[PDB]
Each structure stands twice: as structure tokens, then as C-alpha cells.
Amino acid sequence: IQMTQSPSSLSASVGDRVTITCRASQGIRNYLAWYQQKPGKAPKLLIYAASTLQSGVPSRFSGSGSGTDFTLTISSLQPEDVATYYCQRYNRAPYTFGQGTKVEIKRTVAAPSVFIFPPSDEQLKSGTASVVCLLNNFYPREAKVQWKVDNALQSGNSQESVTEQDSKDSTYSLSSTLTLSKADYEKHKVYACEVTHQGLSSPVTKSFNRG
Amino acid sequence: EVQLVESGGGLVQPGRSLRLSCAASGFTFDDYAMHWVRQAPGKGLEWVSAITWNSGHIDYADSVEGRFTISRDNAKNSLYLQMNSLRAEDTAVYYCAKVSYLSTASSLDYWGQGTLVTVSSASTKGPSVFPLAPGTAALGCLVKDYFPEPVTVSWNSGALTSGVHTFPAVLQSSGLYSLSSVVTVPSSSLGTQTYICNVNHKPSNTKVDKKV
């Protein structure tokens, strides 16, 4: 008993017709369901009996199939439809799920807003420095953050984190953290994050003074 | 208001056991089959176990078999999962789900918010929380060096929703996690309205209102 879906991932534009397939390894008649999971939340039931809609579910989600081959169609992709969709066999044990299909959204390119944060004095007391750079409400995901300390490129000492894709305006957000000890942090004046992004004809650079 | 509230998750050591509970209300529990599904982090949904309305038939995912024991108390209107001989990749968010119709041959039509289970021989460590201070301005809190997940973060006792971004946690070299939550607010405020990040990390039983 396997359930397989394709694609594993897809981008598409608001208005587009999206298609997701699900292949059961053995005839399941119409005991197939479709679930959406938004990031952060618990899964909702969209379609059951291969093609029956759950109540209160918008019509633009449509399901077809019988036997082994099944299909979820979303026929007018809206920004709130960003999630991962799962098929599930339920005719019999095992009640197994497909691998999932992440669906990401449009959209026109948008520039980040860049902010810089020094480490609080309550933290240098603690013994270590954290410097934080924030990129806000951009698209697409791709972004380069180069840290610079006394104009020195910095390498091997940042971690990064991306929020999932906003349901409303289809954007991402990034925080970068530069960590280094009180030793090095006291040794320099200019800390800076160079931000490089498709929505920015030239890179933007935020910076502060003290140390 | 249909409800399924899981509980019982947390840190547990390799080899040990955990009992997950799930309290049911809204519908008539005594009448439905129930399921346990789980999700590792960033990974996909995996079905675990099912049991019929009268405990008459049980099914387990080869993947547990002889380690997990689903059960229920129709009087207490509650569902259980006894998980034993745990291993790092039993680590996951575990959901209970209700079945839509009568029959086990029916879809799952409602799922709890779930409980995180983390399988690890590392001790809990509470976070230290640091302020990140600066048209529009941005501020936030740095929630550093805690274990295990989750922490949650609101601003101004939930009063402040627009402009909040809480970033997924990153595991550090040290073996602990780090978080950062942020907000965007008018540059005009600042010196007028006050901003407070409210961090809560249960596993360590600490709250901090850091006050930026």
C-alpha cells in the first residue's frame, strides 16, 4: 500500500488552474479524500468520496477519479489557497497518506524592507553578541544577506530563517542573525547587512555605529 | 463548536513512553471511529492507528505495530495513545481526528491542534529573551537558547496582530533553539505607545514580558 502524488511542489498565479494527481497502488473505488494543511494550522477536509465537497468549502476545489487514478483540481487559485495538500486512502487499513503537495503562489516581484538591530546591552552583560537583520514582505523567496564588520565580509557565522508564505499578499519575510562573542564585537565600529534582491535594482545596505 | 483537545506531549528520553490523551466534545463520541495521525517537523502526514466506536477493531501502521497501543474511554468521552520504546523519529506533532460518518470507511472530518512530542536525551533549558530596538519602524524580541520547542510569542497581551512576524526557530551549534519575533509600527509612536513581547515556554515553565 502506497499513495503517490505529483507534483511534490508547484508555483502558480492567482487565477490559474492547478492540478494535483494521486495514484493508489490498488483499487480503492471512491474511498479517497483530500486535505489542505496551511502552515501553522491543523488539516482540513476538502473533498471526500473522490468528488464530494465538504460543506462550507469553496466550489473552486474539485475532485475526480475512480479505481487507482485520482485528481484534485483547484480552478482559480486564490492567495488563501497556499498550503500543502494531501490525499488519503480510507477504504481499508492502512489509512495511508500521499507525500503531500506544497502549492505556492503568483506573484509580481516586491522589494524587501530592511531593518538592522544591534545587540541590547542586556546581552553583552550575558557574554555574547547577537546582531539581527530583518527583511520584510518581499517576493520571491530568493535573497542574499551579506554581513559586514568594519567592512569585512563575514562568513560562517550567520543563521537564517524564512517565514512561510503570507496568505493575504503572498510574501515572505527573513531574519538573519549574526552571532559573535563580546570579544570580537567590542573590537569594531561598523556592523552592516547588505541585502541583495530581485526587486531592488541595486543592493540596499543597513548599518549602525557603536562598539 | 466541535472539539478535540490533545494533551500529554513533551520531552521524553529515548526508550521511554508517553501517553497522549484526547478529549472529545461537541459530537457524540461514543458513536464514531477515531484516528491518530502524526507529522514530523517539516515532513508529511503519517497515519498511525485507528480504532472503532466500540474498540471492536484496531489497526496500526507497520511503523509502530508492537510499540503503540490505541484505546479509548467512551464514558470519559476520551481517546488515548500509549507510545512506548520511543525513538528520535517518533518525534512529531501528533493529531487525533474524528471520522465523518459512522463507518471506519469514512474520511477524517475534524482534527485537533495537536501536541508536539520530542524524543531526546537532552534536558530542557528555558530561553533568555532580549529586546531588538530600532515612516515605519520595526522592533522585536530575540528569544535565545531554549529547548525543546515550542515557544509562543504575542505582543501587548494579544492586542497587537497586524505587522507581527514570528520566525521559525533555528537550531544552533550548541543544541538549543533560537527565535525572533518582530512587528512593524509607525516610526511616529515610539515614545508614546509601549511595546511588550510576551514569551511563554511551557516545557521549562517560564514566562517573560521583555518590554521593548
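Conventions and cut-offs
Residues numbered from 1 in each chain as written, not as in the entry; some residues may be left out. Chains lettered and ligands numbered in written order. Heavy atoms only, no water. Residues with missing side-chain atoms left out of burial classes, pairs and counts. Contact = heavy atoms within 4.5 Å. Helix = DSSP H or I, 4+ residues; strand = E, 2+ residues; numbered from the N terminus. Nonpolar A, V, L, I, M, F, W, Y, C, P; charged D, E, K, R; others polar. Pairing = 2+ DSSP bridges. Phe/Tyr/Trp six-rings, centres within 6.5 Å; stacked < 30°, edge-to-face > 60°. Buried < 20%, exposed > 50% of the residue type's maximum accessible area, 1.4 Å probe, protein only. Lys NZ or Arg CZ within 6 Å of the ring centre and 35° of its normal. Disulfide = S-S within 2.5 Å. Domains from an automatic or database assignment. Axes fitted to C-alpha atoms, helices over the stretch in contact; angles between N-to-C directions. Buried area = accessible area lost by both parts, 1.4 Å probe. Salt bridge = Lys/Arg side-chain N within 4 Å of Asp/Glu carboxyl O. Polar contact = N/O pair within 3.5 Å; in protein donor to acceptor, adjacent residues only side chain to side chain.

Per the deposited record, determination of this structure is attributed to X-ray crystallography, with the resolution reported as 2.80 Å.

The name recorded for chain B in the PDB entry is Adalimumab Heavy Chain, from Homo sapiens. This deposition appears in the PDB under the title "Crystal structure of adalimumab FAB fragment".

Within the PDB entry, the label attached to chain A reads Adalimumab Light Chain, and the organism entered is Homo sapiens.

A. A look at the interface of chain A and chain B. Of the residues lining the interface, 37 residues belong to chain A; the matching set on chain B comes to 43 residues. Elements that contribute at least two residues to the side of chain A that touches chain B include exactly β4 (32-37), β5 (44-48), β11 (113-117), α1 (121-124), β12 (128-138), β15 (158-162) and β16 (172-181) of chain A. The leading source of residues in the side of chain A that touches chain B is β12(A), at five residues. For the side of chain A that touches chain B, a count of residues per class yields 20 nonpolar, 14 polar and three charged.

B. Structural view of the pairing of strand β3 (residues 18-25) of chain B. Residue and element names in this part refer to chain B. Of the strand pairs in this sheet, strand β1 (residues 3-7) and β3 are connected by five bridges, and their pairing is antiparallel. Counterpart to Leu4 in the pairing with β3 is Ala24. Across six bridges, the pairing between β3 and strand β8 (residues 78-83) is antiparallel. Within β8, the position partnered with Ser21 by the bridge is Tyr80.

C. Spatial organisation of the packing of aromatic side chains. Applying the stated criterion across every chain, the model contains 16 aromatic pairs over all chains. With a centroid separation of 6.3 Å and an interplanar angle of 25°, the aromatic rings of A:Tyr139 and A:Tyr172 are classed as stacked. Taken together, the residues span a long stretch of sequence, with A:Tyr139 in the loop between β12 and β13 (144-149) and A:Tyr172 in strand β16 at a distance of 33 residues. Summarising the burial analysis for this pair, A:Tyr139 and A:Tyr172 share the class buried. Positioned over the ring face of B:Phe29 is B:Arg72, at 4.4 Å from the centre of the ring. Across the ring face of B:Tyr32, the terminal group of B:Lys98 is positioned such that the distance to the ring centre comes to 3.6 Å.

D. Spatial organisation of the state of the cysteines. Taken as a whole and judged by the stated rule, the model has four disulfides over all chains. With a sulfur-sulfur separation of 2.1 Å, A:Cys133 is cross-linked through a disulfide to A:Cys193. Taking the torsion about the sulfur-sulfur bond, which here is approximately 75°, the covalent link between A:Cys133 and A:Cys193 counts as right-handed. Of this pair, A:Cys133 sits in strand β12 while A:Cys193 sits in strand β17 (residues 190-196), and the two are 60 residues apart along the sequence. The residue that forms a disulfide with B:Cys141 is B:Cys197, at a sulfur-sulfur distance of 2.0 Å. Looking down the S-S bond of the B:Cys141 and B:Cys197 bridge, the torsion is -90°, so its handedness is left-handed.

E. Main features of the domain arrangement of chain A. All names here are of chain A. According to the domain assignment, chain A contains domain 1 (1-106) and domain 2 (107-211). Taken over C-alpha atoms, the centre of domain 1 sits 37 Å from the centre of domain 2. The interface is formed by seven residues belonging to domain 1 together with nine residues belonging to domain 2. Taken together, the residues that form the side of domain 1 that touches domain 2 break down as four nonpolar, no polar and three charged.

F. Region of interest: the sheet that holds strand β8 (residues 69-74) of chain A. All names here are of chain A. Taken together, four strands build an open sheet; the order of strands is β1-β3-β8-β7 and the sheet is antiparallel. Both outer strands of the open sheet, β1 (3-6) and β7 (61-66), are each paired with one neighbouring strand and no more. Between one strand and the next, the sheet's axes are offset by a mean angle of 20°, whatever the strand orientation.

G. Summary view of the sheet that holds β17(A). All names here are of chain A. Strand order in the open sheet made by the four strands is β14-β13-β17-β18, with antiparallel pairing throughout. The open sheet has two edge strands with one neighbour each: β14 (152-153) and β18 (204-209). Direction of pairing for β13 relative to β14: antiparallel, over a ladder of two bridges. Of the residues in β14, the one forming a bridge with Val149 is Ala152.

H. Geometry of the environment of B:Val117. Along the chain, the position of B:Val117 falls in strand β11 (residues 115-119). Non-local contacts of B:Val117, meaning those with residues more than four positions away in its chain, are made with B:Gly9, B:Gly10, B:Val12, B:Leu20, B:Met83, B:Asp90, B:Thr91, B:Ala92 and B:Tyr94.

I. Quick look at the domain arrangement of chain B. Residues and elements named next belong to chain B. Domain assignment breaks chain B into domain 1 (1-121) and domain 2 (122-212). For domain 1 versus domain 2, the separation of C-alpha centres amounts to 31 Å. On the side of domain 2, seven residues touch domain 1, which itself brings five residues to the contact. Taking both partners together, domain 1 and domain 2 bury about 400 Å²; carbon and sulfur atoms supply 69% of that area. Here domain 1 is connected to domain 2 by zero salt bridges. Inspection of the domain 1/domain 2 interface yields one residue pair in polar contact.

J. The arrangement of the environment of B:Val208 in detail. Residues and elements named next belong to chain B. Here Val208 shows up in strand β19 (residues 206-209). C-alpha separation for the pair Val208 and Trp155, spaced 53 residues apart in sequence, amounts to 12 Å. Leaving out residues up to four positions away in the same chain, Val208 has contacts with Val129, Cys197, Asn198 and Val199.

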